[PDB]
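> everything below, folded, please.
(one chain, ligands or ions: 6)
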Amino acid sequence: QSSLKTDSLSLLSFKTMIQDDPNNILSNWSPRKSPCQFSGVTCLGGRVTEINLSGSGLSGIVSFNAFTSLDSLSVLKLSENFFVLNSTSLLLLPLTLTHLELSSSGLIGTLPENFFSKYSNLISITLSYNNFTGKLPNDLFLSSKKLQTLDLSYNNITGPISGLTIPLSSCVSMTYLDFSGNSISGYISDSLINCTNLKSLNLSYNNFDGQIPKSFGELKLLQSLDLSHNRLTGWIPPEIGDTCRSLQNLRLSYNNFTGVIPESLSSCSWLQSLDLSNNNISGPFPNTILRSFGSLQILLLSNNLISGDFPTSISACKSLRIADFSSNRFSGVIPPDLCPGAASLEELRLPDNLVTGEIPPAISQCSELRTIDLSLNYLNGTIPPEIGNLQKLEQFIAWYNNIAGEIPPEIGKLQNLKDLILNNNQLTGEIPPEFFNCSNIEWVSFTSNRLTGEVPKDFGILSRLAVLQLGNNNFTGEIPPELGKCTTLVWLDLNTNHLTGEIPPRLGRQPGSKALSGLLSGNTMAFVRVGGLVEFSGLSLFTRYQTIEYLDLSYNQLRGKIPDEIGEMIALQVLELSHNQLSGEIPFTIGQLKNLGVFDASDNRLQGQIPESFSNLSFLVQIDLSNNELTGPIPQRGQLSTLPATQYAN
Ligand SMILES: *[C@@H]1O[C@H](CO[C@@H]2O[C@@H](C)[C@@H](O)[C@@H](O)[C@@H]2O)[C@@H](O[C@@H]2O[C@H](CO)[C@@H](O)[C@H](O)[C@H]2NC(C)=O)[C@H](O)[C@H]1NC(C)=O
Ligand SMILES: *[C@@H]1O[C@H](CO)[C@@H](O[C@@H]2O[C@H](CO)[C@@H](O)[C@H](O)[C@H]2NC(C)=O)[C@H](O)[C@H]1NC(C)=O
Ligand SMILES: *[C@@H]1O[C@H](CO)[C@@H](O)[C@H](O)[C@H]1NC(C)=O
Ligand SMILES: *[C@@H]1O[C@H](CO)[C@@H](O)[C@H](O)[C@H]1NC(C)=O
Ligand SMILES: *[C@@H]1O[C@H](CO)[C@@H](O)[C@H](O)[C@H]1NC(C)=O
Ligand SMILES: *[C@@H]1O[C@H](CO)[C@@H](O)[C@H](O)[C@H]1NC(C)=O
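Numbering: from 1, shown residues only. Ligands and ions are numbered 1, 2, ... in the order given. Right below this line is the structure:
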């Protein structure tokens, strides 16, 4: 009863409602032009069928009454458009609609009744990122035989789902279902079993309580289950294994699940992602499920209570790239056969466990290892020299263990090493010379070991070193002034060693300088206002004001005066030099350290008066001038007077 006689009129009725066309999509929407050539419109057989204005950024106050007469419209894609629209307007759409994408389209209001049960030709429904407050319509699942894809994710939908009746005969096409990002409450419905062809079910980021239903085992075709970030409790039901003929992604993280990991997951030979992290899962880890996970790429178990020996069957996971056991009760040792079994292992994380034993040298045979974290365990032995074969290793983290021996010189073969964190171990010896071929190292932490020798001068050739922590060792000698060549060092910790001599004038990143290690660090470049910036042989605002920010030198045997070049480290915030043998006056340049916040110069032998330049230290919240030989009227301007008097004793 209509033709383009009515369709072309309908499309231009929409242009009237539009009050802003940022990209001018509706520019060619003219009655002199046919709707078949209208931007974003498609016809089949002469009548309008599709109208795609998604992402166009259109802005208006629109109503869907300008589509009703379009009784040939099968696709309606108006996603990502800044126009207001009432939720009841869904009922004014053509019943010939099959696809419907209204993501971030500006819908407001509770979902209307008699829409999902009315539009019985919709196969795909995406109404995500709107404001459908309130509950779901009772008719949501009553007559949707052909609905395959229902995405109502990321609204403010509240209320329960266990009230919705789901007839077996009306949820037969449903494969993709996404209600994530809402405030839906109550127990997970046992009725979702009736959607027998579910392949993807996502209910993450809601307020579901109660247990994972045993009925979910009946979703034989399920490939992807995400119940994460809810309040689900209880044991992971073993029936879930009855979906293992299809399951590829299982996400139960951020709930409060107790009990053991079900052994039935040993049949999930197609599993690719397993995230049980951030629960209270406990009990002996069933090693046998790992022998079936030949296709597993991601294993997230962190932040649980999982006990038992660290699983030795992890060598069967030939596809595993990420293995995260952080914060569990794993005992035993690191399996020596982990490698080359886990041939694609890239991140091995098991900090905060009860794992003992040595680091197996075979771990060098996991060729793809990028990150190793073994901290807060009970490991012994020595760092195997074979560790230098992990050419792709960027993090070796193993602080708070009982590792002994010397630092193997083979570490210099790690050209990609960026973080070497070994503090609170029992490493002895001198820092090997070959260690300094790690030119890309950014964070070195040797705190609280038994290292001896002197701080090597070759710490200056490391142009990317940002944090250096050597505190509480048996280092001797003088502070190498080469440390002042580091163009990026901003944190220096040498406290509690047997270091003598003076304090070098310039240390760490100096005013100016930049991380760049090529031509852009020199000045051979030229400005030519075919170029603009050329390398003729013979910028960096803000960053040229960066310098050391944390300098702890306390509890050593240093002598001499405090240099006045330390006043040029404007970005300094913490300056702890207490318990040395320093003398002389306090430089007036200290007042230039505006952002200084901590100044611990106790148990030295300083003399003179305190410069009133300290008044400019607006951010000084802690000072400590105990056990010195100072004298004079303490500058009352600033915070120095607001600080306690015990910081000026003796
Ligand atoms: C590194 O330590 C292991 C730790 O083994 C046991 O576990 C600890 C929690 C603690 O109770 C230790 O005293 C235990 O020994 C040592 O492994 C033992 O090694 C001895 C031989 O020296 C052997 O007879 C034990 O059976 C081993 N125990 C095991 C495997 O549980 C290991 O010797 C230590 N390595 C080094 C190089 O000192
Ligand atoms: C289930 O829903 C979420 C909703 O966001 C999907 O998106 C990812 O989920 C994480 C969970 O922390 C969000 O923070 C991220 O924004 C999303 N990450 C991406 C797209 O990489 C999530 O993927 C869905 N899960 C499954 C198994 O389909
Ligand atoms: C599935 O639907 C049938 C009718 O189609 C109904 O009898 C049954 O109770 C439903 N199952 C649920 C709600 O778990
Ligand atoms: C989670 O389970 C643990 C272990 O049984 C329990 O102590 C805790 O109270 C639970 N937390 C919540 C938030 O339900
Ligand atoms: C176990 O429940 C406690 C209860 O407070 C919660 O803090 C914690 O997240 C859960 N366990 C872990 C390991 O996260
Ligand atoms: C880095 O230094 C070590 C020791 O001198 C050497 O074996 C290694 O080959 C050097 N660099 C590279 C890229 O191999």
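> interface residues of the chain facing ligand 2?
180, 181, 202, 204, 224, 226, 249, 251 (C-beta under 6 Å from any ligand atom). (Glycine included, C-beta is placed from N, CA and C.)
> do you know how far the third one is from residue 224?
In this structure, residue 202 and residue 224 are 7 Å apart, going by C-beta to C-beta, to the nearest Å.
> residue 335 too?
30 Å.
> and residue 372, by the same measure?
Applying C-beta to C-beta to residue 372 and residue 224 gives a distance of 30 Å.
> of those two, who's got more company?
Applying other C-beta atoms under 10 Å to residue 372 and residue 224 shows that residue 372 carries more neighbours, namely 22 against 18.
> from the stretch 351-500 of the chain, which residue is nearest to ligand 5?
residue 352 (10.2 Å; C-beta to the nearest ligand atom).
> same check, this time on the stretch 501-650 of the chain
residue 550 (31.8 Å).
> ramachandran angles for that residue?
phi -150, psi 120 (degrees, to the nearest 10).
> neighbours of it, just the number please.
Going by other C-beta under 10 Å, the residues that sit close to residue 550 add up to 17.
> do the one 5 residues further on as well
Residue 555 has 20 neighbours, counted by other C-beta under 10 Å.
> I'd guessed it sits against residue 495; true?
Yes. Using C-beta atoms under 8 Å, residue 555 is in contact with residue 495, at 5.1 Å.
> quick one, what contacts residue 153?
Contact partners of residue 153, counting by C-beta atoms under 8 Å, 6 or more residues apart in numbering, are 128, 129, 178, 179, 180, 181, 182, 202.
> quick one: what helix or strand has it in it?
For residue 153, there is no enclosing helix or strand under DSSP states H and E.
> got a list of contacts for stretch 316-325?
Taking C-beta under 8 Å, 6+ apart as the rule, stretch 316-325 contacts 277, 290-302, 306, 310, 314, 341-350, 353, 368.
> chain center to stretch 167-186, what's the gap?
Averaging C-alpha positions (C-alpha atoms, centre = their mean, to the nearest Å) puts stretch 167-186 30 Å from its chain's average.
> count of residues packed around residue 633?
Residue 633: 8 neighbours (other C-beta under 10 Å).
> ok, back up a step: which residues sit in contact with the residue of the stretch 501-650 of the chain closest to ligand 5?
Contacts of residue 550 (C-beta under 8 Å, 6+ apart): 490, 491, 492, 493, 572, 573, 574.
> isn't the fourth one right up against residue 555?
No. Look at residue 493 against residue 555 with C-beta under 8 Å: they stay out of range, at 11.2 Å.
> residue 16 and residue 84, how far apart?
Relative to residue 84, and taking C-beta to C-beta, residue 16 is found at 15 Å.
> spit out the contact partners of residue 206.
179, 180, 181, 182, 183, 184, 185, 229, 230.
> circling back to that earlier point, make a ChimeraX selection of the buried ones in the contacts of stretch 316-325.
Buried subset of these, written as a ChimeraX selection, criterion 16 or more other C-beta atoms under 10 Å:
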select :277,290,292,293,296,297,298,299,300,301,302,306,310,314,341,342,345,346,347,348,349,350,353,368
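> okay, and which of the contacts of stretch 316-325 map to helices?
Those of these mapping onto helices are residue 341, per DSSP state H.
> among the contacts of stretch 316-325, which lie within strands?
Those of the contacts of stretch 316-325 mapping onto strands are 298, 299, 300, 347, 348, 349, per DSSP state E.
> quick one: contacts for residue 198?
Counted by C-beta under 8 Å, 6+ apart, residue 198 has contacts 174, 175, 177, 192, 219, 221, 222.
> helix or strand for it, which one?
Per DSSP H and E, there is no helix or strand for residue 198.
> relative to ligand 5, how far out is it?
To ligand 5, residue 198 is 29 Å away according to C-beta to the nearest ligand atom, to the nearest Å.
> for that residue, give its distance to residue 236.
Residue 198 is 18 Å from residue 236, by C-beta to C-beta.
> same check, this time on residue 7
54 Å.
> hmm, back to that, residue 16 and residue 84: who's more crowded?
Shown here are residue 16 and residue 84; by other C-beta under 10 Å, residue 84 has more neighbours (13 against 10).
> now do the buried residues in stretch 497-514.
Under 16+ other C-beta under 10 Å, the buried positions of stretch 497-514 are 497, 499, 503, 504, 506, 507, 508, 509, 510, 513.
> distance from the chain centre to it, please.
34 Å.
> what does stretch 73-86 give?
33 Å.
> likewise for stretch 443-460?
Per C-alpha atoms, centre = their mean, the centroid offset for stretch 443-460 relative to its chain is 30 Å.
> that one close to ligand 6?
No. Stretch 443-460 stays clear of ligand 6 (C-beta under 6 Å from any ligand atom), getting no nearer than 11.4 Å.
> between the two ends of that stretch, how far is it?
14 Å (C-alpha to C-alpha, to the nearest Å).
> what of stretch 198-208?
19 Å.
> repeat that for stretch 82-96.
26 Å.
> what of stretch 484-498?
20 Å.
> what's the answer for stretch 642-649, then?
End-to-end for stretch 642-649, by C-alpha to C-alpha: 15 Å.
> same check on stretch 143-156?
First-to-last residue span, stretch 143-156, C-alpha to C-alpha: 24 Å.
> isn't there a helix covering residue 89?
Yes. If the criterion is DSSP: H, G, I helix; E, B strand; the rest coil, then residue 89 is within a helix.
> what's the local residue count around it?
Neighbour tally, residue 89, other C-beta under 10 Å: 17.
> in the stretch 401-550 of the chain, what residue is nearest ligand 4?
Closest point on the stretch 401-550 of the chain to ligand 4, by C-beta to the nearest ligand atom, is residue 401, at 28.4 Å.
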